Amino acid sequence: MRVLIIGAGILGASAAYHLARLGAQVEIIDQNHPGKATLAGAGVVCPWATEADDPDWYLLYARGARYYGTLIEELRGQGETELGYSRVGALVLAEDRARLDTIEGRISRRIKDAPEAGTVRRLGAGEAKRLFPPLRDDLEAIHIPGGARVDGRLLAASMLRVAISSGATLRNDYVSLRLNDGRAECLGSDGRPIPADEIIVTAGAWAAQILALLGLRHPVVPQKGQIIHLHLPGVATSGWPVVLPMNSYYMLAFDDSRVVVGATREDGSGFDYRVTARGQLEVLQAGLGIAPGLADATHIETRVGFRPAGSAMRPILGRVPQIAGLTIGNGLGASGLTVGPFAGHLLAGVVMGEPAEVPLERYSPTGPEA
């Protein structure tokens, strides 16, 4: 009766994974809405290049990317060997040499507190193409040996599998909320309450819909994103790194001759689960523009997902003011696969009472407006 988690994406799954290790009874409930963000998550893990230069770097991006090393092994030693993860390195690009210099600097300043990045290095024209053949030969780049990739769906799935293997439960259902005597109550499909000492709301983009039932104003709305998957027949891509043109687009490669190209950021889209023409056109232009070698690659599918985009680019983590037994994790935006796993460790310490490894006040949620 310890913990009840609403939503089992990368964030809700990481919370369960970390809670099950603390001996708590974890009950997970996940509807798996069409457009579940984690099912469409590209899988880039490389914070050192992010242009968002706030103290969130020291707290979430840096700390989160440093934990991937430990997490992958902790999972590997538990029977979970299919995560799609690989420390393949990353290539960062820019249109003009001027902007490419300020980015190299921003990365250099951020290697001190994250040695997993390796030895950052400046590549000349044609050298990035030797690591990612589809790239243009006239592209200079910055190589970050530490940058990795992952299959967002498989990572969350494996974390859930480890939790359920050790006394956790998972079912497919849609639950709601009610405010009882100042405490948070979870109402099942029938309508009866679901006994739980602590509740965690990691409902992603849909969180604002059930939290509003408690008088809360959750400032997280869906940001639609369309992401293209390509197939290179008979092409060994297991060693290819990730590519970050620093223009809201990106692309990476997986072992099964597969290449994924950066997604769109459609604001005010709502929950529009449709593959549109312009959306795919945007991605195809940005992709083939830097990597003409992908021209004759097969188009296998185009996934759609709704990012939990918060008002601020920083997430919303911590216990709810004025409401007992309610914690929420959301707002991961476009960096959820990188921050999600560690953010889940934070929520684990919150509901249990462990000492805060970081100051969550910068991310604490808002209370009832009344």
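Each residue number is its position in the shown sequence, starting from 1.
Asker: Can you tell me whether 3-11 has a higher mean C-alpha B factor than 359-367 in this record, or the other way round?
Answerer: Averaging CA B-factors over each stretch, the winner is 359-367.
Asker: Averaging the C-alpha B factors as listed in the entry, name the stretch that ends up higher: 30-38 or 61-69.
Answerer: So the stretch with the higher mean C-alpha B-factor is 61-69.
Asker: Per the PDB entry, which option out of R258, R97, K129, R149 has the greatest Cα B factor?
Answerer: Most elevated C-alpha B-factor of the set, per the entry: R97.
Asker: In the PDB entry, which of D101, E282, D296, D173 has its C-alpha at the highest B-factor?
Answerer: Comparing C-alpha B-factors across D101, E282, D296, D173, the top value belongs to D101.
Asker: Split into thirds by Cα B-factor across the chain's modelled residues, where does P193 land: lowest, middle or highest?
Answerer: Highest third - that is where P193 ends up once the chain's C-alpha B-factors are sorted.
Asker: Lowest, middle or highest third: which one holds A263 when the chain's residues are ordered by CA B-factor from the entry?
Answerer: Its C-alpha B-factor belongs to the highest third of this chain's values.
Asker: C-alpha B factor of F342, ranked within the chain: lowest, middle or highest third?
Answerer: CA B-factor rank for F342: middle third.
Asker: Within this chain's modelled residues, let me know which third the CA B factor of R307 belongs to: lowest, middle or highest.
Answerer: Lowest third, going by the recorded CA B-factors of the chain.
Asker: Could you look up the Cα B-factor of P315 in the entry and say which third of the chain it sits in: lowest, middle or highest?
Answerer: For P315, the deposited C-alpha B-factor lands in the middle third.
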